[PDB]
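This document starts with one chain, in the form deposited in one PDB entry, laid out as structure tokens.
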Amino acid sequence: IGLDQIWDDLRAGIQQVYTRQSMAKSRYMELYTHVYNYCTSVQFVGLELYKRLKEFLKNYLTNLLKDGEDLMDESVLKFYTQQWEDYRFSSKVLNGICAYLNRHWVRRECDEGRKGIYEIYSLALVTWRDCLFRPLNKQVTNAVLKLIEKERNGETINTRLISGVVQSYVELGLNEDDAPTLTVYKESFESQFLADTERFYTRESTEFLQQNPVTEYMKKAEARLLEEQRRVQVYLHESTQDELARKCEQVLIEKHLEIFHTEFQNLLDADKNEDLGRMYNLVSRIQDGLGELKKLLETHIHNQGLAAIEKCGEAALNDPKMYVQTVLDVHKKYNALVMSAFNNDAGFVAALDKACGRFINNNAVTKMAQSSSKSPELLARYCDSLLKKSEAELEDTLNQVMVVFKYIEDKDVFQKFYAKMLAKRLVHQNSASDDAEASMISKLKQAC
């Protein structure tokens, strides 16, 4: 067989798999036969072949770094990506040419008690951290960041280069010793990509929200948040969507949540509704602070409740219908607002019923008459004036009576007055569609 005559034709096809030159199938078998013959002979000459292959791989990359260690951005990125697919695929013919040096000697060399003996492909990947870990580690990461920093205007970011860079960084995870592999991706690219993202978005938020109103920033923030999700899924590795998104909200809207409540009140004074929906959508992504712009609405609805009843005038004391209609419209407008804008959220509806019960009971008229029981009396007079001799409307109208009935908080006056007028109605037979009264009793039974 021999041991040294082979290492003059071997290291002529080992140098031919590299510098890809379209090998035939009669030369692959010759190299495999050389490796097999060396491996089976009588004691496989120790570990000579492994050491020679290690030295060849270490010398091949040392001379390869001489041309490319002085390349700047967009040129070192085109030198890494091209001379990484030429090395990953080339060190796979070498992983099945030296297949006999992987089945018997490597599985038996290791697994007895030994470290530092890897398979040929894993050895080549380990040795590739003799070119990445000198420049490259930070000569192309800076180039990738500079290319990414074309979110401003620059299109055609050349997705292929960055994709190849991240694929190489992910594949280079620690295969040494032991037996995902995101141990280099995080410490070499992701740690200095987020810190660049905050730097970029702490300089655009403080520069856009100084010449444009808060509304335009609200629309730009949604677009930027959506854009920093399609930038992922193209240079992805996954494992970064649930981390970049979190550190893209704390800089856009978690620290600008000072002039948002002021703008919230300004839009609440007006009739802007899609703007409030965008505000709620942006704030809802951030916990611990959705509830601050929930008391402002609760106060605004209460003020609007006390505003229409003061604009009601002096007739509200003797006009139950108008008094009920005022609070009904006030409830309807903001109930529609809550259902449409704030996604029918339980907290916002709850804020709606904690202010409706505070301008129905102790608002004006109930102060003019020096009694908070003037509201149940007016509702009792209204339901009588509607359900009295004078059909679909006489159902939704009683439902609109029911919705304001829930906020009275004192029913003794209502029951007393309603019975007082119902007795007079029934005795004199001043009732129309007695089934309406039956439905009224059923509705009250369903309620308290």
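Here the rigid core means the biggest group of C-alpha atoms that line up within 1.5 Å when the two forms are laid on top of each other. One-based numbering along the sequence shown.
The same protein has a further form, the form deposited in another entry, not shown here; the description that follows concerns it.
- Comparing the forms between the shown form and the other one on their rigid core, the Cα displacement of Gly154 reaches 2 Å or more.
- Remark: with the core as the superposition reference, the CA shift of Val17 between the shown form and the other one stays below 2 Å.
- Comparing the forms between the shown form and the other one on their rigid core, the Cα displacement of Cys383 reaches 2 Å or more.
- Compared with the form shown here, the C-alpha atoms of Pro213 and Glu151 sit at least 3 Å farther apart in the other form.
- An increase of at least 3 Å in the separation of the C-alpha atoms of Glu151 and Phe208 is found in the other form, compared with the displayed form.
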